[PDB]
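K.L.:
Take a look at this one; I'll ask things after.
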Amino acid sequence: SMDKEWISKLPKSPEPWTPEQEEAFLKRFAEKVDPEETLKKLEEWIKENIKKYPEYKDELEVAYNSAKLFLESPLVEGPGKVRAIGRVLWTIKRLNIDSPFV
């Protein structure tokens with residue numbers, strides 16, 4: 001079909017993937033982060049990254065769409081807001097793209 005079959009929902013994924021390490025990342029970021037400031041850095045990153053990798057633009061847009069959706073409604077102070085931002089950072093992580101975050 002195609003090379004690099006990373007995009008899939010097969011049983012038992014490659015590399016050390018666990019909830020312990022995952023929750024840890026979100027726990028560290030959620031510890032204290034700013035959506036307003038992060039939105040700028042994230043928006044600028046995706047914008048430039050998209051120009052370099054248009055093939056991933058589709059996936060990148062999805063992540064931003066989620067973060068922007070919550071950011072558009074500055075009032076919902078819950079897990080949805082933290083998940084929106086964290087979801088984007090996690091998306092890029094899997095993509096395996098050296099970005100100014102990790």
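Every chain in the structure tokens takes a letter, A first, then B, and so on in the order presented; its residues are numbered from 1, and the ligands are numbered from 1 following the presented order.
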Skip segment 14-28 of chain A itself and residues of its chain fewer than 2 positions away, then list as a ChimeraX atom specification all residues within 10 Å of it, counting only C-alpha atoms.
P.N.:
/A:6,10-12,30-33,82-83,85-87,89-90,102
K.L.:
Find the residues around residue 66 of chain A up to 12 Å (only C-alpha atoms counted), leave out those fewer than 4 positions away in its own chain, and share them as a VMD selection string.
P.N.:
chain A and resid 39 59 to 62 70 to 73 80 to 89 91
K.L.:
Counting only C-alpha atoms, which residue out of A:75, A:2, A:63, A:42 sits closest to residue 101 of chain A?
P.N.:
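Nearest candidate to residue 101 of chain A out of A:75, A:2, A:63, A:42: A:42.
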K.L.:
Expressed in Å to a single decimal, how great is the separation between atom CA of residue 34 of chain A and atom CA of residue 55 of chain A?
P.N.:
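These atoms are spaced 28.8 Å apart.
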K.L.:
Using only C-alpha atoms for the distances, tell me which of A:56, A:44, A:68, A:78 is nearest to residue 92 of chain A.
P.N.:
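Result for the nearest residue to residue 92 of chain A: A:56.
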